[PDB]
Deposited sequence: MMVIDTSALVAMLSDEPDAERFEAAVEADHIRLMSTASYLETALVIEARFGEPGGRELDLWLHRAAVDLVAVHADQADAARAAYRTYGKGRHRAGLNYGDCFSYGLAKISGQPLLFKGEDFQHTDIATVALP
C-alpha cells in the first residue's frame, strides 16, 4: 500500500522534475490511499493554476490510478494534533497534517516532495 500527499501530485500534474519516478512509485504498489483533504488541497491548487481543465486531468489521474479517497477520521486528526507540537513549525503544515494523519494511522509509507515531511515519525516512500 501507499499515501500520496498533495506535493507529489501538484508535482506530477505540473510536470516538475522526477515526476516519472513518482509514476514508477504509483506503479510499483497497487493500492494507493489519499486523504480527502489532501485531495481537496490538491484540487484547489490545480484549479487555480490551470482552471477547471486542470481539474479534468486531476480527476482522470485519480480514477486511472484507482485512488481510494480516505475520510479524515477523528483518530487521524488526533495523531496530527499530537505530532504537530514536535514536528510542526524546517516544519510541517496544516495541509500536511492530513497526510501525516492517514499515514501514522494506516501505517503506510508516504509519497511526497519538498523539505517538510523529512525527519518525522512516519516512513517516506523511496
Counting from 1 along the deposited sequence, which stretches were left out of the model? 90-93, 131-132
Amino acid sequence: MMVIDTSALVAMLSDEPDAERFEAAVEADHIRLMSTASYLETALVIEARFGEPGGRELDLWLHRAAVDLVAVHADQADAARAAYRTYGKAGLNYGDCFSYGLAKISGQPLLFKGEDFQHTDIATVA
From here on, numbers count along this sequence of modelled residues.
Please work out which of 16-24 and 107-115 has the higher mean CA B-factor as recorded in the PDB entry. 16-24
Mean C-alpha B-factor comparison - 76-84 and 59-67, higher one: 59-67
When the modelled residues of the chain are sorted by Cα temperature factor, does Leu40 land in the lowest, middle or highest third? lowest
Lowest, middle or highest third: where is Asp96 by Cα B-factor in its chain? lowest
Lowest, middle or highest third - CA B-factor, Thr124: highest
Which third of the chain does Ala11 land in by C-alpha B-factor: lowest, middle or highest? highest
